[PDB]
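Here the Cβ is made from the backbone with ideal geometry for all residues, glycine too, and neighbour counts use every protein chain on show. What follows draws every value from the coordinates through simple rules; no lab data is involved.
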Amino acid sequence: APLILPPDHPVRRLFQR
Amino acid sequence: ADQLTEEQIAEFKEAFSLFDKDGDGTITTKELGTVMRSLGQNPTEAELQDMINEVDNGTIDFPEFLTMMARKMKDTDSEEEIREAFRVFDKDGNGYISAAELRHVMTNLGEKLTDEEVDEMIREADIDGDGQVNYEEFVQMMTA
Ligand SMILES: [Ca+2]
Ligand SMILES: [Ca+2]
């Protein structure tokens, strides 16, 4: 089970390719 | 997630109108600086000029001012989260992020990338060419 990051998190913005 | 409270907005309004010479509701660059110094900060010439042009003569009204203050809140929260993330990515705590550390943390965050893709991200963010990503290179990588 992977960690759940908030939508406004910079790391999730890094996921964007 | 984090937003400006009614208390803060009211305080921003009072600080805005306290240094508005006319009753127009639009302050200049010089007047904006005095507002900032009343809010416990101290920006410079270029900083004040960059803030006033980011939200559009060289004058701004309160709705544009509140927009600028909201963006400051958004940026200061992103700055610490990047600082938080760096300590997580830096598994051994040596002050650098290796390709192995990057791949491991990405796995726990539902991000399965190939070893080549990881090498690319490191190669892309590595300015001084040490082989690993330090905090300075990490910030630029996260800000984009
Ligand atoms: Ca490390
Ligand atoms: Ca480096």
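FRET efficiency for the pair B:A10 and B:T44, taken as 1/(1 + (r/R0)^6) with r the Cβ-Cβ distance and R0 = 41 Å, rounds to 0.90. Straight-line reach from B:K91: taking Cα to Cα under 26 Å and skipping same-chain neighbours fewer than 8 places apart, the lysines in range are B:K112.
Each other residue within a Cβ distance under 15 Å of B:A46 adds +1 if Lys or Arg and -1 if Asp or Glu, for a net charge of -3.
With the convex hull of the Cα atoms taken as the outline of chain B, the averaged projected area works out to 11.3 nm².
Fewest neighbouring Cβ atoms within 10 Å first, the residues B:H104, A:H9 line up as B:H104, A:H9.
Could you tell me the calculated FRET efficiency between B:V55 and B:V139, based on Cβ-Cβ distance and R0 = 41 angstrom, to the nearest 0.05? Spell out each step's value before the answer.
Details: r = 24 Å, r/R0 = 0.58.
So, using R0 = 41 Å, E works out to roughly 0.95.
Short to long, the 5 Å bins of the Cα pair-distance histogram for segment B:76-144 hold 3, 18, 29, 28, 17, 4, 0 percent of all pairs. Using only alpha carbons, the protein assembly as shown has a radius of gyration to Kirkwood radius ratio (Rg to Rh) of 1.11.
To make sure I understand, if each residue's beta carbon is the centre and we count other beta carbons within 10 Å, what order do B:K72, B:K30, B:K21 fall in, fewest to most?
Working: B:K72 14, B:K30 11, B:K21 8.
So the ranking, lowest neighbour count to highest, is B:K21, B:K30, B:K72.
Evaluated on segment B:1-75, the Kirkwood hydrodynamic radius is 12.5 Å, with distances taken between all distinct Cα atoms.
Charge dipole (Cα centre; +1 on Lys/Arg Cβ, -1 on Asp/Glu Cβ; no other charges) of the protein assembly as shown amounts to roughly 300 debye.
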